[PDB]
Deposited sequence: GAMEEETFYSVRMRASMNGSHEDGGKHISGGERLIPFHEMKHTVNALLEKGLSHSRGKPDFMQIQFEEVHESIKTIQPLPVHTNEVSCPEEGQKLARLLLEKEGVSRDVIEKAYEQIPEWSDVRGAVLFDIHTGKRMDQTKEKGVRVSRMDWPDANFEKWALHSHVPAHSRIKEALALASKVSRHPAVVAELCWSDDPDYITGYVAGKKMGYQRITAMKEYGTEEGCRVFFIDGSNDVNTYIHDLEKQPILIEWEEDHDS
C-alpha cells in the first residue's frame, strides 16, 4: 500500500478578499513526485490566460483513505460549428441522460449568475434549485488524478490529443460520474482561449462538444445535476475527500 498525497493549488488576482479566480488545480501523487508536481501547479498558475496572480497557495497532505482506481469514462467527440449548436446538443444529451427538460432550462437561466463560482454548482433535479450552500466558492472536487504515462497511452488509443486539460477534466468527470447521486455534469472552460466543453454521465460517458462558447469570453460552467435523498453535505464530502486514480486498461480491448 503506497502512500499518496493530495496536492492542491489556487491562485487569484486583486487579493485572495474578493479577487478574480485565476487558476486551481488538484493532484494525487506518491511522495517522489512532489517536486515535479508542485512545480507543475506553480507554473499552471503563473502562465494562465486569465492573467497573472498576485496570490497563490499550494498545499500537500497525506491521504489516509485507501485509494480506488477506476477506468475513465468512454469518450465521444461531437464536432459542432458554433457555440449555439454545441449548447443545443448539450441540452439534448442532458435530457437523454435523464435530466428533465424543465430542470435543464431552469439551470440554464442560472448559469450566468454562477460564472464566478470557483468550483462546481450542485443542482437538485427534484426541487429544480441549487442544492449546495457554498455560494461563490462552489464545491471543489479534489483527490483525483491520472498518472501521465497511462493517460498518454489512453489518448493515443482514443485518437484524442494528449492535453493536460483533457486529462484533468476526464479525471474529474470520471470521479464525479461514479458518484451514485450524480446524474449528469455540464462543463465548459472559464479560459478565454478554450471553447471546448462537455456533458458527462453514466450512460453517455464523456461527450465532448467542440464549441460551447466564443473565444475571448471568461464565463465558464461546472454544474452537477444531482438526484439524491441524502444530505448534500455527505455528497460534498465524498467529492472533496474520496481519493481516485484513473487507470485505463488497454487490456480490456
| property | result |
| --- | --- |
| Stretches with no C-alpha position, numbering per deposited sequence from 1 | 1-4, 21-22, 260 |
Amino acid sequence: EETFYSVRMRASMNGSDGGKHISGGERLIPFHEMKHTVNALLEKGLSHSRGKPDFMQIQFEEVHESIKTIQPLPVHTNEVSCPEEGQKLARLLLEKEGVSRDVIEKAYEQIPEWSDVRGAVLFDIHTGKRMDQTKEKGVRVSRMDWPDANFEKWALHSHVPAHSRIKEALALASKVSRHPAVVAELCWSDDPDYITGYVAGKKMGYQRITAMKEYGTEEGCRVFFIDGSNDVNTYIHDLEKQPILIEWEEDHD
From here on, numbers count along this sequence of modelled residues.
item: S229 left out of the model in a third or more of other PDB entries; value: no
item: Unresolved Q242 in a third or more of other entries flanked by modelled residues; value: no
item: Residue stretch of maximal mean CA temperature factor, 168-176 vs 128-136; value: 128-136
item: Between 244-252 and 4-12 (mean CA B-factor, as deposited), the higher; value: 244-252
item: Highest recorded Cα temperature factor - choice among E218, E26, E185, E61; value: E218
item: Maximum C-alpha temperature factor, selected from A120, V75, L92, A107; value: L92
item: Lowest, middle or highest third - CA B-factor, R222; value: lowest
item: Lowest, middle or highest third - CA B-factor, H32; value: highest
item: Relative C-alpha B-factor of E84, binned into the chain's lowest, middle or highest third; value: highest
item: CA B-factor ranking of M144, expressed as a third of its chain; value: lowest
item: Ranked C-alpha temperature factor of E214 among modelled chain residues, by third; value: highest
